[PDB]
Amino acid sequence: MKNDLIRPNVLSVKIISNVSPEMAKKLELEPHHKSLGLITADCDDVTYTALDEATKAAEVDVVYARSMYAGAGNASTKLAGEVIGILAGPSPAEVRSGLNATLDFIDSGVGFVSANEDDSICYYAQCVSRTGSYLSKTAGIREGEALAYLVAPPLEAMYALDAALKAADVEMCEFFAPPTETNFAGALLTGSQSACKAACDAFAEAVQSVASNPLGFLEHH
């Protein structure tokens, strides 16, 4: 029902202890990337946020992070989910530490939230108070600056992004043009922690507004 958290789930986790040079080449790794941590889950944006959190907790870089076509509900195999993430670090111990931080964050209460009675519309509106080394780079901001991480289905996202931008003192960083692989859309916006939180609140409100009135457009503008 509306405002319920949709629980994200990790499906598989593995460590490669001493990456082969052939694999290092195709993943475009640097020489100090000796060990890899592999993870899949059924929620991509939560996992991306968690991978970024891991870079704050351990000496790991996010070296690979991609979503699956048509989302976790359409996975054809058990462990594909809708995301694969790869952390790289100097040793198995450090990669293990990073993976543990990733897992803890995924299970921490973050997640997409339902906008209606049967949870057929959902969105993500997460305030990242202090970015790690992954989301800061992707957003084009200094490490440690804040983001509003906003995701919703295509129309809801475009409508709600506009609402968030008008409501909150933030700047556009990365635009997720619809469709992403999972057929969602959204953006990373930056500003003060306060402004990012305001953007999240306005985004959530606007997505809920569309869910409650999906075809309505005739009112005075």
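Don't overthink the numbering: it's just position in the shown sequence, from 1.
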{"item": "Segment of higher mean CA temperature factor, 115 to 123 or 129 to 137", "value": "115 to 123"}
{"item": "Residue range whose averaged C-alpha B-factor is higher in the record, 24 to 32 or 41 to 49", "value": "24 to 32"}
{"item": "Residue, from 81, 89, 85, 109, that the PDB entry assigns the highest Cα B-factor", "value": "109"}
{"item": "Maximum C-alpha temperature factor, selected from 167, 62, 188, 152", "value": "167"}
{"item": "Relative C-alpha B-factor of residue 162, binned into the chain's lowest, middle or highest third", "value": "middle"}
{"item": "Residue 68 - which third its CA temperature factor falls in, relative to the rest of the chain", "value": "lowest"}
{"item": "Within-chain third of residue 171 by Cα B-factor, per the entry", "value": "highest"}
